[PDB]
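First comes the structure, then the notes that go with it.
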RNA sequence: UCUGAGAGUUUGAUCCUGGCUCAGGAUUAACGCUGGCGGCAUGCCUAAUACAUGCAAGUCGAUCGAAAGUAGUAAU
Ligand SMILES: [Mg+2]
Ligand SMILES: [Mg+2]
Ligand SMILES: [Mg+2]
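In the authors' numbering, the protein residues as written are 65 to 219.
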């Protein structure tokens, strides 16, 4: 049940020797709402073929996501170009306080409570890039234990 | 135990810098349309401009002389 939601449908065009070749570009986010989420951008002469190719690309590149108590473990800033997205842990109940492309990514990943603010640009591809970068740099409290030789997070 | 939502807009199309505008609240508010009632609260932001008229700090005869009024033949 990998649900998918369009996050942007732009109208790109090149110029030839007379006229304008117009192709639709779609940005689809696919997520199983259990820890797997990917993004795919595709271009085609028509929306249906563009959507099919974008979903195919998105399903080809699926990253693995870990959730802690339904939220994000530690506050993180994802950077991608000039877009910086701040994610902050939230108590169980606030809901997803995100909006736009980031909100779509968080819902499709599985996370519930999440504090976000877009501190940079409003271009959907870079915000999604920043969101995925922020979520992928996250450190579990068990990897640092193997690293720092602590006691499975114990004080 | 706190705790943050974005979008539109330069270009044939894209990214960035960057300004403008909008989605939310708020007031000692005014205007247009309309208009039934009740519980709370507010009500010259301007000319510290000029003001009719009527009210807004008096009280004690158990401090004191006198006066006045009513009863009383008078004293009282
Ligand atoms: Mg020619
Ligand atoms: Mg234009
Ligand atoms: Mg507004």
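Cβ atoms here follow ideal geometry from the backbone N, Cα and C, with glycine treated the same way.
Buried versus exposed, by CB contacts within 10 Å (16 or more), residue i
i: residue 85; result: exposed
i: residue 146; result: exposed
i: residue 182; result: buried
i: residue 155; result: exposed
i: residue 112; result: exposed
i: residue 169; result: buried
i: residue 70; result: exposed
i: residue 80; result: exposed
i: residue 180; result: buried
i: residue 193; result: buried
i: residue 110; result: exposed
i: residue 171; result: buried
i: residue 211; result: exposed
Check whether residue i and residue j have beta carbons under 8 Å apart
i: residue 190; j: residue 125; result: no
i: residue 209; j: residue 216; result: yes
i: residue 108; j: residue 120; result: no
i: residue 75; j: residue 66; result: no
i: residue 134; j: residue 195; result: no
i: residue 94; j: residue 83; result: no
i: residue 114; j: residue 90; result: yes
i: residue 178; j: residue 136; result: yes
i: residue 140; j: residue 198; result: yes
i: residue 188; j: residue 72; result: yes
i: residue 163; j: residue 129; result: no
Any non-hydrogen atom of ligand 1 within 7 Å of residue i CB
i: residue 78; result: no
i: residue 81; result: yes
Which residues DSSP lists as bridging residue i, in chain order
i: residue 107; result: 89
i: residue 133; result: Answer by DSSP bridge pairing: none, since residue 133 is not bridged.
i: residue 182; result: 149
i: residue 95; result: 67 and 101
i: residue 218; result: 215
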